[PDB]
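These notes concern the structure reproduced below.
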Amino acid sequence: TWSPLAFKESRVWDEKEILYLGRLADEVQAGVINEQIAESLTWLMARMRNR
Amino acid sequence: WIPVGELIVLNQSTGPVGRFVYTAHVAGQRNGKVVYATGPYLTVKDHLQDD
Amino acid sequence: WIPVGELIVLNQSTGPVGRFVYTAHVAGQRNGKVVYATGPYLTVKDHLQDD
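Heads up: the sequence lines are chains A, B and C, in that order. The first sequence begins at 104 in full-length UniProt numbering and counts up one residue at a time. The second sequence begins at 308 in full-length UniProt numbering and counts up one residue at a time. The third sequence begins at 308 in full-length UniProt numbering and counts up one residue at a time.
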């Protein structure tokens, strides 16, 4: 016989980071976290490969 | 509003003294990103399929 | 990856030893029936309206 395994994990972002997130050098508006979510997205994509 | 027996005195010019700035808040999911809106906001919570 | 003093002998033939089997996970409600997918899935959660 044979039986598979299950692998899941979560990742959250609270209000204070999703509202207050600019950069360091520039006076950039608060829409930076919508670019930073894609990094954790492709990181979970690359982390399911490592199992 | 003006307390009885007390008066304000303007000095330089009868005009605007500074501005009431707003600050952006969170609205969500345009496509996969976040969209921020400046002024006051009224969000509903349609829980008419909840128990 | 192979350690410095070791080597892997492959016996029977050059090629794939075994397989890596994807079973099925749950994808939510494509039609009234429940649908399924196999590979690594990745979804988001739109809690951008709650307080």
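Where a beta carbon is used, it is the ideal one built from N, C-alpha and C, also for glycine.
Exercise. From C:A331 to C:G322, what distance separates their C-alpha atoms?
Worked result: 27 angstroms
Exercise. Looking at the C-beta of C:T330, does it have a partner C-beta in chain A at a distance below 7 angstroms?
Worked result: yes
For this session: Identify each residue in the region 109-127 of chain A for which the Cβ-Cβ distance to at least one residue of chain B is less than 8 angstroms, and report them in chain order.
Result: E118, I121 and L122
Exercise. In this structure, what does DSSP give as the bridge partners for B:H332?
Worked result: B:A344
Exercise. Counting contacts by CB-CB distance shorter than 7 angstroms, is B:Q356 in contact with chain C?
Worked result: no
Exercise. How would you call C:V316, buried or exposed, if buried means at least 16 neighbouring beta carbons within 10 angstroms?
Worked result: exposed
For this session: Would you identify the three-state DSSP class for A:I121, choosing helix, strand or coil?
Result: helix
Exercise. Quick one: is C:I309 buried, meaning 16 or more other Cβ sit within 10 Å of its Cβ, or exposed?
Worked result: exposed
Exercise. Does any heavy atom of the ligand NAD sit closer than 6 angstroms to the C-beta of B:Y329?
Worked result: No copy of the ligand NAD occurs in the structure displayed, which carries no ligand at all.
For this session: Give me the Cα-Cα distance between C:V311 and C:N318, rounded to the nearest whole angstrom.
Result: 21 angstroms
For this session: My understanding is that B:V333 touches B:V324, with C-beta atoms under 8 angstroms, so please give their C-beta distance in whole angstroms.
Result: At roughly 31 angstroms, the Cβ-Cβ gap does not stay under 8 angstroms, so B:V333 and B:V324 are not in contact.
Exercise. What residue range is occupied by the uninterrupted alpha helix (DSSP H) comprising A:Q139?
Worked result: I136 to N153
Problem set entry | Pairwise C-alpha distance: B:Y343 and residue 364 of chain B | Outside the shown range of chain B (308 to 358) lies residue 364 of chain B, about which nothing can therefore be said.
Exercise. At a cut of 8 angstroms, does the region 136-143 of chain A reach the region 346-356 of chain B through at least three beta carbon pairs?
Worked result: no
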